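Accompanying notes for the structure given below.
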Ligand code: HEM
Ligand code: HEM
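Residue numbers (the entry's author numbering), protein chains in the order written: chain A, 26 to 211, 217 to 260, 267 to 280, 287 to 496; chain A', 26 to 211, 217 to 260, 267 to 280, 287 to 496. A prime marks a further copy of an entry chain.
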């Protein structure tokens, strides 16, 4: 009942009063983010609450954040909170724990170097052209456009060709066998889990594998097919070459490819939607970005790896968007052993949590946090931003391994789209933007905007 | 179903074919010991089987046994198999794991030194006299005696005064408040657990604490009472003094005292019964032991610590009994990480098992294993006994911490009993002795013998 609910009272840590069995989960009615900001505003730098019986400790002090994410990663704060009915996804790098995660991180780290990324941009760029070609049609109809569907088809085009070498236009090919199987995904089951964490083992024995055994065996056979028939430059080849610590197994290969698919579709499509909202509701910013793009890329020259990393205002626009909308919302680590960090006893089993969304909007570090102002990230003001307040990709050894790939993928899309189109709010546009009430950082209403052709 | 049942086939390890869900548990119909001997006789030095979905690897090679118990204890084979609905018993030394066990083992190790044991023998000896005084009555009735009840009352007399300083004659005081609460214990639930290990978490959330919340709070209040009112020489005082790593908590104190109670009652009473059976069915041995006792202890002098450790034939009789009847039956360790030991890959999560009972009766190391022959442990033949075949108290850092205390407690009882009585088989005596068909090493029928007075 209230088994471990006396933990934060005994340590003298403040926080909302938990209910028996439920803990503080009813306080999620306003959203993960609004709960984090309220607890921040009403308790200060550190507070605690309970996801059911699971005690969660929020910290907002930069030095303590650095200690948890960097200084004591391998020793105390190595793993994230487990775990829904896992299946074979236990071998996924973002799921793996302790030395198995360390093994996977080192086997996959060379795959995300700038050298391998630079070799992926000619393929990624090919679907930027496909993107504008499908945008040209939906724009000439002369009526608002749902960016979630055009960026979604784009994001899937990129991940299918970067993960396996499958080159298909998703929007105009409604059902390639690969496209549909990848679209087979995916509340309130997620809150049932945190309040019934003891029922997770039962889902394993019931053969209730979270992923459909059809799509799972489809990818596992698609990969082993691909393995057989096989100078390719996709994530699969980069992982097959690393098989010739201890090399990756074939099932471990499927697990990582599944992760990248999940990693790319939700994030990049949603962040591209947030950027286009901000660009459309701040026309002066949209114009300055297009003027910069036309400068480095004359007469709509194709963007390359080197020309992308040269665009400073583009990087300022991406970073300021990722401040207002950090899609991960939270950072989490489990405390492996009793530790004292920066004058504070953290007992074993506690989940330490960094409220990224709340920190990106705290008036202590940001002037007028609610306004979209790219000038915060100019070279002049970039220096006074604490890299442990602003953590859109986490930090430390377990930060986002695909950060460079995601920034490069989104910028290549933004450049090609802004070279050809302008974006204005229409009447269906939700202004101001409201965030979804659920447990994901996405717009409450799908972003709809006017698209004109240059 | 057969989720992990393909493990030993993939590694080329032999063993009985498992059934879906059940594994090899139906093969326990003859007993843990008969299953171990059959698998030993039918597979050689190493085999495997499944307790439900849990793979168990048996090993019988002495070098491999030394590597698992001693050489790689801290690194690979530190913990035992978990765990029924545990409750606060997670802080018990025999339940604790990894560094928490190491902490408890070092805090409790000084309590079991020979110095502290030597200070406990005047108290232990007091109830040896109480033992014969209750044996004198049940013998003068002139009819067979159930040793389980006289050794049981003796064993409880010893553990109550050694763990807390409570000095009561249990047999003639049917219900002292302490005696009854300790007697509140304790199939087929145990086999349900191994075939439904995923239902163990549900027993925790249902507040189904394995131990009655009445006796649990009784001891916890009995100890905290004892703590308050308090030159005493019991296990509690030795643990209270150690509170003045990090010192033991009050609830940790209750957890260890509960363990010693469980450790002493079942074992010592049952081993004393086995010894008296063997003494009664081998009168020549019983006479030679009494002749030795009368030599070192003239005219029935009281046994002391130094006079006990001087008796060689007594130690030979105890050791030969513990060979035929090793009450722990098995030794078990969980493999923490992938390891290679003595030319063999042991994957993570496997339970490595030493079949002590089967090794103590293997014709490879023992001539005529089924016969009770104390001469195997004479100084002449003691040298050629491998300390990893004969493991009545385990071995390595996690062996029986109370071995010296148990040997001293049983010998003090044997000496005082043999100074006064002789033991012959009666008609109710089960000859030959049969072992219980369940999952405990105890006689199938209670041992009943004739008792005469010297
Ligand atoms: C806008 C896009 C993205 C954002 C904002 C983002 C952000 C994040 C964040 C905040 C974390 C947690 C880091 C931590 O806990 O400290 C993370 C982890 C991770 N991300 Fe991303 N991510 C993005 C896209 C991607 C992509 C495209 C990939 C791969 C193709 C990827 C792969 C991963 C992996 C594997 C991890 C876990 C690494 C580990 O546990 O060792 N992410 N990401
Ligand atoms: C005839 C009597 C006894 C026998 C044959 C016996 C045998 C054993 C065996 C075989 C083990 C397992 C060792 C291993 O896994 O390697 C063990 C463990 C243990 N025994 Fe005993 N035992 C006896 C009595 C006692 C008594 C009287 C106590 C305490 C008062 C005790 C306390 C313990 C503890 C605490 C452990 C676990 C130690 C740890 O996990 O670190 N035992 N015993």
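Backbone N, C-alpha and C fix where the C-beta goes; we use that ideal spot for every residue, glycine too.
Residue 79 of chain A: member of the beta strand (DSSP E) spanning 79-84, first to last residue. When only Cα atoms are considered, residue 238 of chain A and residue 313 of chain A' end up about 48 Å apart. By the neighbour-count definition (other C-beta atoms within 10 Å, threshold 16), residue 178 of chain A is a buried residue. Residue 309 of chain A and residue 448 of chain A do touch by the CB rule: their CB atoms are close to 6 Å apart, below 8 Å. When secondary structure is reduced to three states using DSSP, residue 414 of chain A falls in the coil class, being assigned neither helix nor strand. The three-state secondary structure of residue 72 of chain A', taken from DSSP, is strand. Beta-bridge annotation (DSSP): residue 395 of chain A' is paired with A'/83, A'/374. Inclusion of residue 331 of chain A and residue 307 of chain A in the CB contact set at 8 Å is not warranted, their separation being larger than that value. Distance from the C-beta of residue 313 of chain A to the nearest heavy atom of ligand 1 is below 7 Å. Bridge pairing for residue 485 of chain A': A'/477 [DSSP]. Annotation: residue 353 of chain A' to residue 338 of chain A' spans about 8 Å, alpha carbon to alpha carbon.
Residues of chain A with a Cβ closer than 7 Å to the Cβ of residue 231 of chain A' are, in chain order, 228, 231.
Look at residue 91 of chain A here: in three-state DSSP terms it is helix. Cα atoms of residue 302 of chain A and residue 184 of chain A: separation of roughly 8 Å, rounded to the nearest angstrom. Beta bridge pairing from DSSP links residue 467 of chain A' with A'/491. C-alpha of residue 404 of chain A' to C-alpha of residue 141 of chain A': approximately 37 Å in a straight line. In terms of side-chain proximity, the C-beta atom of residue 373 of chain A is found nearer than 7 Å to a non-hydrogen atom of ligand 1. Here residue 145 of chain A' really is in contact with residue 269 of chain A'; their C-beta atoms are around 6 Å apart, less than 8 Å. Cα atoms of residue 424 of chain A' and residue 431 of chain A': separation of roughly 13 Å, rounded to the nearest angstrom.
For ligand 2, a non-hydrogen atom lies closer than 7 Å to the CB of residue 442 of chain A'.
With respect to the C-alpha of residue 196 of chain A', the residue from A'/219, A'/220, A'/176 having the closest C-alpha is A'/176.
For the region 235-257 of chain A, the set of residues with a beta-carbon nearer than 8 Å to any beta-carbon of chain A' comprises 235, 237, in chain order. Setting aside the 5 residues that flank it on each side, residue 117 of chain A is surrounded in the same chain by 297, 301, each with a C-beta closer than 6 Å to its C-beta; the list follows chain order. Fully contained in the region 329-362 of chain A is no beta strand (DSSP E) run of length 3 or more.
Cβ neighbours of residue 483 of chain A' within its own chain (closer than 8 Å, five residues either side excluded): 58, 312, 367, 368, 369, 370, 371, 399, 477. Within 10 angstroms of the beta-carbon of residue 61 of chain A' lie 16 or more other beta-carbons, which makes it buried.
When the five nearest sequence neighbours on each side are left out, the beta carbons in the same chain lying within less than 6 Å of the beta carbon of residue 347 of chain A' are those of 143, 146, in order along the chain. Listed in chain order, the beta strand (DSSP E) runs fully inside the region 428-467 of chain A' are 463-467, counting runs of at least 3 residues.
A straight line joining the alpha-carbon of residue 291 of chain A with that of residue 276 of chain A spans about 10 Å. The C-beta separation of residue 253 of chain A from residue 210 of chain A comes to about 17 Å, leaving the pair out of contact by the 8 Å criterion. Taking a C-beta distance under 8 Å as the contact criterion, residue 92 of chain A' and residue 335 of chain A' do not qualify as a contact pair. Counting along the chain, the unbroken alpha helix (DSSP H) around residue 222 of chain A starts and ends at 219-225.
Looking at the backbone, the Cα of residue 53 of chain A and that of residue 77 of chain A are separated by about 12 Å. Residue 382 of chain A' sits in a strand when the DSSP states are folded into three classes. Counting of Cβ neighbours within 10 angstroms places residue 129 of chain A' among the buried residues, the total reaching 16 or more.
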